[PDB]
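>>> take these chains first, placed just as they are in the complex:
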Amino acid sequence: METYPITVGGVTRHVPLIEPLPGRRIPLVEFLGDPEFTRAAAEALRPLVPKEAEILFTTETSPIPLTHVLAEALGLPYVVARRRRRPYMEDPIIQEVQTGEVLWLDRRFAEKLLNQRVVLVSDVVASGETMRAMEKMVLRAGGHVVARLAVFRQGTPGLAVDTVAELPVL
């Protein structure tokens, strides 16, 4: 069982590898279930958050604990876009991720982005398409992105995003 060592803010994790494309493997980054690794990552991103930031924006599911911890550390709230419509979801902003994934933001969350300086947060950024979709949702709700952050950078994103580590493709 092959593992690859990834490190963030002093905390190291030997993680399995996944092959999203033939012969192109990447370490599996998972913050879910891991408070210590999540804390290290949230603390590494914290200094990258603009002092003007008013709310965080992330997508389910793995990024949730990371964003929650960062938000509480910053004393800010945050919102979560879902990857599918959920029962009782209210008049959601639906945004297609340019291929396909579709993001859903409950109206209750959207109302919280109005006139707010938003910071997009993800665990990993690759092409940047997910964040482009997230930003459009921000604009549609009446606010705007003052910063885009992700813990890991995979390859070279087609969008400007601040990251703290590189995720190697093996």
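Okay, I see it. Residues are numbered from 1 along each chain as shown, chains lettered A, B, ... in the order given.

>>> name the helix or strand for the residue nearest the centre of chain A, please.
Residue closest to the average C-alpha location in chain A (C-alpha atoms, centre = their mean): residue A:122, at 1.3 Å. According to DSSP states H and E, residue A:122 maps onto strand A:117-125.

>>> with residue A:57 instead?
Here residue A:57, judged by DSSP H and E, is contained in strand A:55-59.

>>> what helices or strands is that strand leaning on?
If contacts are counted by 3 or more C-beta pairs under 8 Å, 6 or more residues apart in numbering; DSSP states H and E, strand A:55-59 sits against helix A:63-74, strand A:78-81, strand A:117-125, helix A:129-141. Bear in mind the C-beta positions are built from the backbone N, C-alpha and C, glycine included.

>>> list the contacts for the residue nearest to the centre of chain A?
If you count contacts by C-beta atoms under 8 Å, 6 or more residues apart in numbering, residue A:122 has them with A:58, A:59, A:63, A:130, A:131, A:149, A:150, A:151.

>>> tabulate the residues you listed (a markdown table), appending distance to residue A:48.
Below are those laid out as a markdown table (distance: C-beta to C-beta, whole Å):
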| residue | distance to residue A:48 |
| --- | --- |
| A:58 | 15 |
| A:59 | 18 |
| A:63 | 15 |
| A:130 | 18 |
| A:131 | 14 |
| A:149 | 5 |
| A:150 | 10 |
| A:151 | 10 |
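
>>> which among those count as buried?
A:58, A:59, A:63, A:130, A:131, A:149, A:150, A:151 (16 or more other C-beta atoms under 10 Å).

>>> quick one on the thing from earlier: what is the nearest of the contacts of residue A:122 to residue A:5?
Closest approach between the contacts of residue A:122 and residue A:5, by C-beta to C-beta: residue A:151, at 15.3 Å.

>>> what about the nearest residue to the closest one once chain neighbours are set aside, which helix or strand?
Once flanking residues are discounted, residue A:151 sits nearest to residue A:41: 4.8 Å by C-beta to C-beta, 6 or more residues apart in numbering. When elements are assigned from DSSP H and E, residue A:41 belongs to helix A:35-45.

>>> so which elements touch that helix?
Judged by 3+ C-beta pairs under 8 Å, 6+ apart, helix A:35-45 is in contact with strand A:3-8, strand A:11-21, helix A:63-74, strand A:144-154, strand A:162-167.

>>> who touches the last one?
Contacts to strand A:162-167, defined as C-beta under 8 Å, 6+ apart, come from residues A:6-9, A:26-27, A:29, A:41, A:44-45, A:48, A:124-125, A:147-154.

>>> any of those residues buried? List them.
Buried members of these, scored by 16+ other C-beta under 10 Å, are A:6, A:8-9, A:26-27, A:29, A:41, A:44-45, A:48, A:124-125, A:147-154.

>>> slot chain B in:
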Amino acid sequence: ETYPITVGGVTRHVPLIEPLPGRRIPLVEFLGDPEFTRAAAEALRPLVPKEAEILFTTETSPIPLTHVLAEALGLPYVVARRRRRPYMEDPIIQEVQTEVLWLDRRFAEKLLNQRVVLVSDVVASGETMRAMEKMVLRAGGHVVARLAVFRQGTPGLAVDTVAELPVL
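With chain B now in place:
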């Protein structure tokens, strides 16, 4: 238009949803709310057996609740999903009498020989948790407690809660 629920002194005026005809209930949501989640976590904390070694919850809203509680107690936790996800490793699959739960093999191995505590935001019939308890058994773990912040009616399962959700 909104109904007020309180936990640990933190009050939230939440919307109402109708899980059944003419029966509305407060919509408790911890996602996006660190303060409310913190109050709920500290409220659940005293209900956690001292033998507990790992927490077990299901996506999605209970995740931040469980994460905060876990970090406070210095424990790890695992999360069951409500649908198979890409690259999922030989998962434990369990059906709910009411939904199918999926537990990644990497998470199941964390439960082996461990004392487990089930955590949720809201408990009603108690089925989701029964499904979760079976997954723990198959993972070779043992449940020592079942916790939820809110109780909705009377559960057909023994679950410790902090407050009740009225049926309006």
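
>>> in light of the added chain B, please revisit the contacts of strand A:162-167.
Here strand A:162-167 makes contact (C-beta atoms under 8 Å, 6 or more residues apart in numbering or on different chains) with A:6-9, A:26-27, A:29, A:41, A:44-45, A:48, A:124-125, A:147-154.

>>> by how many degrees do that strand and strand A:3-8 diverge?
Angle of strand A:162-167 versus strand A:3-8, following axes from the mean of the first three to the mean of the last three C-alpha atoms, to 10 degrees, is 160 degrees.

>>> give the partner strands of strand A:162-167 in its sheet and their orientations.
Applying DSSP bridges, strand A:162-167 is found paired with strand A:144-154 (parallel).

>>> off-centre distance for the strand it pairs with?
Relative to its parent chain, strand A:144-154 has a centroid offset of 7 Å by C-alpha atoms, centre = their mean, to the nearest Å.

>>> hang on, the earlier thing: any idea how far the residue nearest to the centre of chain A is from chain B?
Computed as C-beta to the nearest C-beta, to the nearest Å, the residue A:122 to chain B distance reads 16 Å.

>>> cool, residue A:39 as well?
Separation of residue A:39 from chain B (C-beta to the nearest C-beta) stands at 7 Å.

>>> excluding chain neighbours, give the residue nearest to that residue in space.
Residue nearest to residue A:39 in three dimensions, not counting chain neighbours: residue A:69, with 6.2 Å by C-beta to C-beta, 6 or more residues apart in numbering or on different chains.

>>> quick one, what contacts that neighbour?
Residues counted as contacts of residue A:69 (C-beta under 8 Å, 6+ apart) are A:38, A:39, A:42, B:67, B:71.

>>> how about stretch A:100-108, does it reach chain B?
Yes: Stretch A:100-108 reaches chain B (C-beta under 8 Å from any C-beta of the partner chain) through residue A:108.

>>> if we can go back for a sec, give me the sheet partners of the strand holding residue A:122 and which way each runs.
Assessed with DSSP bridges, strand A:117-125 is paired to strand A:55-59 (parallel), strand A:144-154 (parallel).

>>> quick check: angle from the longest one to helix A:35-45?
In this case it means strand A:144-154. Orientation check (the same axes, to 10 degrees): strand A:144-154 against helix A:35-45 gives 120 degrees.

>>> got the CA positions of strand A:144-154 in CSV?
Taking C-alpha atoms only, strand A:144-154 is exported to CSV below (Å, rounded to 0.1, in the frame of the first residue of the first chain):
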residue,chain,number,x,y,z
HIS,A,144,-17.2,40.1,-4.4
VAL,A,145,-14.1,38.1,-3.9
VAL,A,146,-11.2,39.9,-2.2
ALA,A,147,-9.1,36.8,-2.0
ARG,A,148,-8.9,33.1,-3.2
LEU,A,149,-7.0,30.7,-1.0
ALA,A,150,-6.2,26.9,-1.1
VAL,A,151,-3.9,24.8,1.0
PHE,A,152,-2.4,22.9,-1.9
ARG,A,153,-1.5,23.8,-5.5
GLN,A,154,-1.7,21.1,-8.1
